[PDB]
């Protein structure tokens, strides 16, 4: 009843926005996703995602996609190593826990979600640049493309979103840590020592404030990340110049075993990213001119040290879609308010845990 003869615009087709769209569409809602990516073949850079029972997996189950996820996800164990390459502990996944949070490639998750939507639900090459509330509909302005209208706008376009001001004046913050990520293709050949160290498990190591994480099998590539407190001199490293990054990393990792150094020396290109947070604090704006809200990283971007990132976003989509379709609310505004009040609770909890882990993980003495 709330959305009958109305349409919904979701801004951003990340995992959270696409899940949003599926959950609305399967209830007969007219919904479009506007995604800035030029088309669906653009690869998504990054590590794997794990969906949790009761949150991310509950969104997939409601959508009819839980088995689809299971079929493309891998449970993976964890090895903790020290800087010398000694395995300090090894924890494999017991078979009764194979469904707790198996890891899925981000492109596979995207494909699962896109395949679940009706044709032309996602409108590619649509970068939203501005919103304007009319008498009853939002007008959406896109970069060099014709405008569109919607009764309800859901901001789902990630942590650096510039279209949040109708919802909140909160600004994204840097937390003081920095991340460098890279993929190694054919790792069994190109970083064989480190690949054997992982031994089919994820690997984590920490030494003198420098952290290293690796997944040796993300659809055949090894993905790794290195994190550290942002240096005071900084960004004096040009991530377009691999020689500049290799030089910086080899100094920081000078005391690490050569299996780690070879990882750095053979990487083709590096991606640098300051850690950021979009902090939940005082309430969002009340009495907005037309119905609008935010989900996912746009709502509560958070340091990736607690593993709660995408799962809290998928809970947003589950809660918001239920409120918009369960027939219990007298207005779209009230369904939104109910979602936001719930999400401020679990969102603040996740953000606190992420921020606490971050403080603790970068203390000079930290051990996993």
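Each form is matched to the other, and the largest set of C-alpha atoms that superpose within 1.5 Å is called the rigid core. Numbering follows the first chain given and starts at 1.
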In 4 other deposited structures of this protein, superposed by the rigid core, which stretch departs further from the shown form in CA positions, 60-68 or 306-314? 306-314
Would you please confirm whether residue 235 lacks atomic coordinates in a third or more of the other entries that were compared? yes
Averaging C-alpha B-factors over each stretch, which comes out higher, 38-46 or 332-340? 38-46
Select between 257-265 and 158-166 the stretch whose C-alpha atoms have the higher average B-factor in the entry. 257-265
Maximum C-alpha temperature factor, selected from 106, 145, 288, 91: 91
Which of these, 216, 134, 85, 225, has its C-alpha atom at the highest B-factor, as the entry lists it? 85
In terms of its chain's C-alpha B-factors, the third that includes residue 193 is the highest
With respect to C-alpha B-factor, does residue 2 fall in the lowest, middle or highest third of the chain as deposited? highest
When the modelled residues of the chain are sorted by Cα temperature factor, does residue 115 land in the lowest, middle or highest third? middle
Lowest, middle or highest third: where is residue 100 by Cα B-factor in its chain? middle
Ranked C-alpha temperature factor of residue 295 among modelled chain residues, by third: lowest
